[PDB]
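*Asks:* What follows is the file protein-v3.pdb, containing PDB, C-alpha atoms (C1' of nucleotides):
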```
ATOM      1  CA  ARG A   1     111.849 111.690 138.381  1.00  0.00           C
ATOM      2  CA  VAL A   2     115.409 112.700 139.239  1.00  0.00           C
ATOM      3  CA  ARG A   3     116.983 114.898 136.569  1.00  0.00           C
ATOM      4  CA  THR A   4     120.699 115.635 136.344  1.00  0.00           C
ATOM      5  CA  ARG A   5     122.040 118.981 135.124  1.00  0.00           C
ATOM      6  CA  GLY A   6     125.692 119.821 134.447  1.00  0.00           C
ATOM      7  CA  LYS A   7     126.578 116.849 136.642  1.00  0.00           C
ATOM      8  CA  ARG A   8     124.130 117.974 139.319  1.00  0.00           C
ATOM      9  CA  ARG A   9     121.399 115.917 140.958  1.00  0.00           C
ATOM     10  CA  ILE A  10     117.960 117.430 140.406  1.00  0.00           C
ATOM     11  CA  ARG A  11     114.928 116.049 142.214  1.00  0.00           C
ATOM     12  CA  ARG A  12     111.691 116.618 140.312  1.00  0.00           C
ATOM     13  CA  UNK A  13     108.627 114.723 141.614  1.00  0.00           C
ATOM     14  CA  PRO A  14     108.803 111.024 140.597  1.00  0.00           C
TER      15      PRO A  14
ATOM     16  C1'   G B   1     131.107 132.956 130.593  1.00  0.00           C
ATOM     17  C1'   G B   2     130.229 132.746 135.292  1.00  0.00           C
ATOM     18  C1'   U B   3     126.343 132.071 139.176  1.00  0.00           C
ATOM     19  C1'   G B   4     121.351 131.046 140.810  1.00  0.00           C
ATOM     20  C1'   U B   5     116.386 129.166 139.730  1.00  0.00           C
ATOM     21  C1'   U B   6     112.920 126.083 136.768  1.00  0.00           C
ATOM     22  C1'   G B   7     111.919 121.013 133.686  1.00  0.00           C
ATOM     23  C1'   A B   8     110.588 115.878 129.680  1.00  0.00           C
ATOM     24  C1'   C B   9     112.336 110.956 128.839  1.00  0.00           C
ATOM     25  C1'   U B  10     114.395 105.042 129.011  1.00  0.00           C
ATOM     26  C1'   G B  11     115.981 100.455 132.350  1.00  0.00           C
ATOM     27  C1'   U B  12     116.249  97.922 137.152  1.00  0.00           C
ATOM     28  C1'   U B  13     114.793  97.748 142.205  1.00  0.00           C
ATOM     29  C1'   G B  14     111.118  98.524 145.826  1.00  0.00           C
ATOM     30  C1'   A B  15     106.796 100.397 147.491  1.00  0.00           C
ATOM     31  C1'   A B  16     104.918 107.580 149.106  1.00  0.00           C
ATOM     32  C1'   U B  17     111.612 110.030 150.658  1.00  0.00           C
ATOM     33  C1'   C B  18     116.622 108.383 149.310  1.00  0.00           C
ATOM     34  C1'   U B  19     120.445 106.280 145.991  1.00  0.00           C
ATOM     35  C1'   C B  20     121.833 104.771 140.897  1.00  0.00           C
ATOM     36  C1'   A B  21     121.026 105.083 135.365  1.00  0.00           C
ATOM     37  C1'   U B  22     119.173 107.880 130.381  1.00  0.00           C
ATOM     38  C1'   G B  23     118.971 112.687 127.486  1.00  0.00           C
ATOM     39  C1'   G B  24     121.871 117.482 127.129  1.00  0.00           C
ATOM     40  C1'   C B  25     119.126 121.563 125.795  1.00  0.00           C
ATOM     41  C1'   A B  26     115.474 125.545 126.818  1.00  0.00           C
ATOM     42  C1'   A B  27     113.592 129.765 129.745  1.00  0.00           C
ATOM     43  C1'   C B  28     114.152 133.637 133.452  1.00  0.00           C
ATOM     44  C1'   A B  29     117.238 136.628 136.751  1.00  0.00           C
ATOM     45  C1'   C B  30     121.936 138.663 138.418  1.00  0.00           C
ATOM     46  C1'   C B  31     127.301 139.969 137.736  1.00  0.00           C
TER      47        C B  31
END
```
In structure tokens, what does this structure look like?
*Replies:*
Amino acid sequence: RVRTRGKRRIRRXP
RNA sequence: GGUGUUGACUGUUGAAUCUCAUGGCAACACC
């Protein structure tokens, strides 16, 4: 999954 | 309040990565 924080791309596993 | 680190969930696609979309707080450290 790809999470997004404060308009920031976060890559977390699937 | 600013900076850094960590992380769950919906759709489509395709096929171990990458890009796009959803939600929106929490924890720890430093100044």
*Asks:* Let me know the residues the PyMOL selection byres ((chain A) within 9 of (chain B)) catches in the file above, as a ChimeraX atom specification.
*Replies:* /A:3,5-6,12
*Asks:* One decimal, Å: what's the distance from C1' of residue 5 in chain B over to CA of residue 1 in chain A, could you say?
*Replies:*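 The value is 18.1 Å.
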*Asks:* Taking the file as I've supplied it (selection: the PyMOL selection byres ((chain B and resi 27) around 12)), which residues are included? Please answer as a list in words.
*Replies:* residues 5, 6, 7, 25, 26, 28 and 29 of chain B
*Asks:* Those residues you just picked out, can you put them in a file as a PDB file, in the coordinates of the input with C-alpha atoms (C1' of nucleotides)?
*Replies:*
```pdb
ATOM      1  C1'   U B   5     116.386 129.166 139.730  1.00  0.00           C
ATOM      2  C1'   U B   6     112.920 126.083 136.768  1.00  0.00           C
ATOM      3  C1'   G B   7     111.919 121.013 133.686  1.00  0.00           C
ATOM      4  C1'   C B  25     119.126 121.563 125.795  1.00  0.00           C
ATOM      5  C1'   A B  26     115.474 125.545 126.818  1.00  0.00           C
ATOM      6  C1'   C B  28     114.152 133.637 133.452  1.00  0.00           C
ATOM      7  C1'   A B  29     117.238 136.628 136.751  1.00  0.00           C
TER       8        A B  29
END
```
*Asks:* Could you state which residues are captured by the PyMOL selection byres ((chain B and resi 19) around 12) in this file, as a PyMOL selection string?
*Replies:* (chain A and resi 2+9+11) or (chain B and resi 13+17-18+20-21)
*Asks:* Write out N, CA and C atoms for chain A, as a PDB file, in the frame of the given file.
*Replies:*
```
ATOM      1  N   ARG A   1     110.647 111.856 139.205  1.00  0.00           N
ATOM      2  CA  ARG A   1     111.849 111.690 138.381  1.00  0.00           C
ATOM      3  C   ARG A   1     113.007 112.509 138.940  1.00  0.00           C
ATOM      4  N   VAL A   2     114.217 111.995 138.773  1.00  0.00           N
ATOM      5  CA  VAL A   2     115.409 112.700 139.239  1.00  0.00           C
ATOM      6  C   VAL A   2     116.274 113.114 138.050  1.00  0.00           C
ATOM      7  N   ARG A   3     116.209 114.390 137.694  1.00  0.00           N
ATOM      8  CA  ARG A   3     116.983 114.898 136.569  1.00  0.00           C
ATOM      9  C   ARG A   3     118.383 115.296 137.002  1.00  0.00           C
ATOM     10  N   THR A   4     119.317 115.271 136.054  1.00  0.00           N
ATOM     11  CA  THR A   4     120.699 115.635 136.344  1.00  0.00           C
ATOM     12  C   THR A   4     121.177 116.721 135.388  1.00  0.00           C
ATOM     13  N   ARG A   5     121.578 117.861 135.943  1.00  0.00           N
ATOM     14  CA  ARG A   5     122.040 118.981 135.124  1.00  0.00           C
ATOM     15  C   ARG A   5     123.509 119.278 135.387  1.00  0.00           C
ATOM     16  N   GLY A   6     124.255 119.516 134.316  1.00  0.00           N
ATOM     17  CA  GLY A   6     125.692 119.821 134.447  1.00  0.00           C
ATOM     18  C   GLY A   6     126.304 119.018 135.588  1.00  0.00           C
ATOM     19  N   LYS A   7     126.043 117.713 135.598  1.00  0.00           N
ATOM     20  CA  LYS A   7     126.578 116.849 136.642  1.00  0.00           C
ATOM     21  C   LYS A   7     126.047 117.264 138.006  1.00  0.00           C
ATOM     22  N   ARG A   8     124.757 117.579 138.063  1.00  0.00           N
ATOM     23  CA  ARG A   8     124.130 117.974 139.319  1.00  0.00           C
ATOM     24  C   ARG A   8     122.816 117.230 139.497  1.00  0.00           C
ATOM     25  N   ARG A   9     122.605 116.686 140.690  1.00  0.00           N
ATOM     26  CA  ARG A   9     121.399 115.917 140.958  1.00  0.00           C
ATOM     27  C   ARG A   9     120.201 116.834 141.147  1.00  0.00           C
ATOM     28  N   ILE A  10     119.173 116.622 140.327  1.00  0.00           N
ATOM     29  CA  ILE A  10     117.960 117.430 140.406  1.00  0.00           C
ATOM     30  C   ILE A  10     116.754 116.551 140.701  1.00  0.00           C
ATOM     31  N   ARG A  11     116.092 116.829 141.820  1.00  0.00           N
ATOM     32  CA  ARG A  11     114.928 116.049 142.214  1.00  0.00           C
ATOM     33  C   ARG A  11     113.646 116.727 141.749  1.00  0.00           C
ATOM     34  N   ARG A  12     112.936 116.069 140.833  1.00  0.00           N
ATOM     35  CA  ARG A  12     111.691 116.618 140.312  1.00  0.00           C
ATOM     36  C   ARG A  12     110.573 115.580 140.400  1.00  0.00           C
ATOM     37  N   UNK A  13     109.760 115.668 141.419  1.00  0.00           N
ATOM     38  CA  UNK A  13     108.627 114.723 141.614  1.00  0.00           C
ATOM     39  C   UNK A  13     109.077 113.263 141.557  1.00  0.00           C
ATOM     40  N   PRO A  14     108.450 112.460 140.729  1.00  0.00           N
ATOM     41  CA  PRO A  14     108.803 111.024 140.597  1.00  0.00           C
ATOM     42  C   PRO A  14     110.053 110.791 139.748  1.00  0.00           C
TER      43      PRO A  14
END
```
